[PDB]
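Engineer: Any chance you can model this:
(chains A, B and C)
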Amino acid sequence: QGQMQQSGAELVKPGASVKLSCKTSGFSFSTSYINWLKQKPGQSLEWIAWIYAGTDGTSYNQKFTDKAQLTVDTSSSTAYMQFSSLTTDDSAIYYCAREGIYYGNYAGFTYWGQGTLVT
Amino acid sequence: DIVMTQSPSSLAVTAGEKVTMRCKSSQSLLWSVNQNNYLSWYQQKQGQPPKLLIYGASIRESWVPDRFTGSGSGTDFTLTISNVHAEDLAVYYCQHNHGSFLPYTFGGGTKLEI
Amino acid sequence: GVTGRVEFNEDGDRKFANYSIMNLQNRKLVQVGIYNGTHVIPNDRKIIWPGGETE
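Structural biologist: Numbers count the residues shown, from 1 in each chain, chains lettered A, B, ... in the order given. The protein structure is shown below:
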């Protein structure tokens, strides 16, 4: 079974940058899609961006297009999200999830990380 | 963003009864060329990642028992449980999967109580 | 080699490279065929054209 492990909790000064890591294993890292979601405590998750590892195709939320950047490392099969210009609004829990696709048809997020809290 | 309307917001029933949860999209999730509805039902329990329950608004997952029944098409959709069990207690979300209708959005959610 | 038969030409390049074929189906990369070192084999998936029919 696939596993996605995220980085630990971070205390970042306002206006500074954080770069979160998400190690993936147990599946084809190159031929899947990974999504970063922002979930404030007591709030629903906010989709940030998705990236395809096989083609480096990147697509960000308009609210986070100028705030978040995504990178991947094929050797380690680890996803990366670098959040810059951090503000108190960014005090939330970020999650990385792997898309579940059946018969070539997306069927929802089937795999999840443990979650990371950025203060 | 397509507005996903879920009804009811929450409900409480006794074990063995039958319940019905509705999902309404602001736009038709049916693509005319293939006549398939880009709707997916999910089961989300506390402290766990959500589990894909029904896709295409009518097809149950392999692990989903026959008691679950998803219906509706176009803009309006329905999730129905013929025989409600205590284990089914969870918050169920319907989410669109239409690639041409990005970004993916979720409804308000329905909380199941026993 | 995991890739397979590694062999060089008079230009020192690679021979018999297997290729993957992707179709942009509703802004999603769906595999529609495979390429051997000399032959193309479409997979079970369908391919949709910019217009109507798949033909």
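Engineer: Name the helix or strand for the closest residue to chain A within chain C, please.
Structural biologist: Using Cβ to the nearest Cβ, the point where chain C gets nearest to chain A is residue C:30, with a distance of 4.9 Å. To be clear about C-beta, it is placed using only N, CA and C from the backbone, and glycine gets the same treatment. With the criterion set as DSSP states H and E, the secondary-structure element containing residue C:30 is strand C:29-35.
Engineer: Given the helix or strand following that strand, what are its sheet partners and their directions?
Structural biologist: Counting by DSSP H and E, the next helix or strand C-terminal to strand C:29-35 is strand C:40-42. For strand C:40-42, sheet partners with direction are given as strand C:29-35 (antiparallel), following DSSP bridges.
Engineer: show me the contacts for the closest residue to residue A:15 other than its chain neighbours.
Structural biologist: Of all residues not flanking residue A:15 in the chain, residue A:85 sits nearest, at 6.1 Å (Cβ to Cβ, 6 or more residues apart in numbering or on different chains). When the contact criterion is Cβ atoms under 8 Å, 6 or more residues apart in numbering or on different chains, the partners of residue A:85 are A:15, A:17, A:67.
Engineer: returning to that earlier point: can you name the residues bridging to the residue of chain C closest to chain A?
Structural biologist: In this structure, residue C:30 bridges to residue C:23 when assessed by DSSP bridges.
Engineer: who touches it in this structure?
Structural biologist: By Cβ under 8 Å, 6+ apart, the contact list for residue C:30 reads A:104, C:22-23, C:45.
Engineer: Now list the buried members of the residues you listed.
Structural biologist: In terms of neighbour count (16 or more other Cβ atoms under 10 Å in any protein chain shown), the buried residues within the contacts of residue C:30 are A:104, C:23.
Engineer: Which members of the contacts of residue C:30 are the farthest-apart pair?
Structural biologist: Taking Cβ to Cβ as the measure, these span a maximum distance of 11.3 Å, between A:104 and C:22.
Engineer: Just give the nearest non-adjacent residue to the closest residue to chain C within chain A, would you?
Structural biologist: In chain A, no residue comes nearer to chain C than residue A:104, which is 4.9 Å away by Cβ to the nearest Cβ. With Cβ to Cβ, 6+ apart as the criterion, residue A:104 has its nearest non-adjacent residue at 4.9 Å, and that residue is residue C:30.
Engineer: Would you check how far apart that neighbour and chain B are?
Structural biologist: Taking Cβ to the nearest Cβ, to the nearest Å as the measure, residue C:30 falls 10 Å from chain B.
Engineer: likewise residue A:16?
Structural biologist: If you measure residue A:16 against chain B using Cβ to the nearest Cβ, the figure is 28 Å.
Engineer: helix, strand or coil for that residue?
Structural biologist: Assigned with DSSP: H, G, I helix; E, B strand; the rest coil, residue A:16 falls in the coil class.
Engineer: For chain C, which residues are neighbours of chain A?
Structural biologist: Counting by Cβ under 8 Å from any Cβ of the partner chain, chain C comes close to chain A at C:25, C:28-31, C:45.
Engineer: for chain B, same thing?
Structural biologist: Looking at chain A, the residues of chain B close enough under Cβ under 8 Å from any Cβ are B:40, B:42, B:49-50, B:52, B:55, B:95, B:97, B:99, B:103-104, B:106.
Engineer: Name the residue of chain C that lies nearest to chain B.
Structural biologist: Nearest to chain B in chain C, going by Cβ to the nearest Cβ, is residue C:26, at a distance of 3.9 Å.
Engineer: ok, now which ones touch that residue?
Structural biologist: With contact taken as Cβ under 8 Å, 6+ apart, residue C:26 is in contact with B:98-100.
Engineer: before we move on, what about residue B:109?
Structural biologist: By Cβ under 8 Å, 6+ apart, the residues touching residue B:109 are B:6, B:9, B:44, B:91-93.
Engineer: which of those are buried?
Structural biologist: Listed as buried from these are B:6, B:91-93; burial here means 16+ other Cβ under 10 Å.
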